[PDB]
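Here we start with a single chain on its own, the form deposited in one PDB entry, put down as structure tokens.
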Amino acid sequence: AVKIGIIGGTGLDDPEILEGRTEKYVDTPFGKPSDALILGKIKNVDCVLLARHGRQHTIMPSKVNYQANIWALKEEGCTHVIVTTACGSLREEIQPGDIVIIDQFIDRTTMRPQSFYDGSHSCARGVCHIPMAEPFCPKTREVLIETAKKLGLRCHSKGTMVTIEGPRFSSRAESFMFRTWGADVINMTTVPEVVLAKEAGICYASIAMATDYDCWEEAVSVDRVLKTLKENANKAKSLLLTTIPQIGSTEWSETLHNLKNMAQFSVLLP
């Protein structure tokens, strides 16, 4: 049995996506999640929705409690976590409105805890060095890619997301630099969300929505980002609604088992 956690990003966290909704505030050893968990279903699949920045978008990327958010979803029984994230495009072929099923990331954050194993919680003892060669769940990404195709949506099958600390946008020198490093899209929230999900043994995948071209001719601004999201939000919603039932009808025993082992054996006990 699967349970899909859904973390909604900027202008992409609509609760109306789930049926039979029930609000549930929880606490974790790492503090409170961004907002209440929204329990519900898409067809016959159990889901748990969570607004990354709070339902009123009051939490900046740097201060999102990534540990609490992932912990709460795991505790609720989530086997999978599919998220949405607005991002800047660093490639001409990735136009605003396009969806990018990212498969890699480049960390540029500097003040964020990236592990549950900080030796402050008995629930997570030891030193954990989680592998990051393949940060995102390939099976889920495959379904997302095929579903986007079935929906006729402009979608990119791979992409490297560079995550900056923020809250400021990048300078032009940084923008051009990230391009040389191989980054394809840019945001402020992928890391450490994807890292903690890995440590928790959860299949994590991300629906990245290009909302601008950053500044590498109209430079990025908050208004430009919100406008693009307003015009394209429906795509991510349709993708999630169509993808989730497919996930709930496939086999994951071996996939989840492997993630469990990788996470477990990454821990160095005293």
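When you see a residue number, it is the position in the sequence shown, counting from 1. In this text, the rigid core denotes the largest set of C-alpha atoms whose superposition between the two forms falls within 1.5 Å. Residues that one form lacks are left out of the comparison.
- Counting the unmodelled positions of the deposited sequence between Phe30 and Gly31 gives zero.
- 144-152 and 186-194 differ in mean CA B-factor, and the higher of the two is recorded for 144-152.
- When the C-alpha B-factors of 219-227 and 202-210 are averaged, 219-227 comes out higher.
- Comparing the C-alpha B-factors of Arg91, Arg125, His80, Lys158 in the entry, the top value falls on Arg125.
- Sort the chain's modelled residues by C-alpha temperature factor and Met111 lands in the highest third, per the entry.
- Compared with the other modelled residues of the chain, the Cα B-factor recorded for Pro138 ranks in the middle third.
- Sort the modelled residues of the chain by CA B factor and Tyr117 lands in the highest third.
- Among the modelled residues of its chain, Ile7 has a C-alpha B-factor that falls in the lowest third, as given in the PDB entry.
- Placement of the Cα temperature factor of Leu241 within the chain: middle third of the modelled residues, per the deposited record.
Another form exists, deposited in another entry; not displayed. Remarks below refer to it.
- Residue displacement note: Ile17 has its CA displaced by at least 2 Å between the shown form and the other one (rigid core superposed).
- In summary, the C-alpha positions of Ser89 and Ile17 diverge in the other entry, ending up at least 3 angstroms farther from each other than in this conformation.
- In comparison with the shown form, the Cα-Cα distance of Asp13 and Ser34 increases by at least 3 angstroms in the other entry.
- Every Cα shifting by 2 Å or more, across three or more consecutive residues, marks a moved region; comparing between the shown form and the other one on the rigid core, the sole such region is 9-20.
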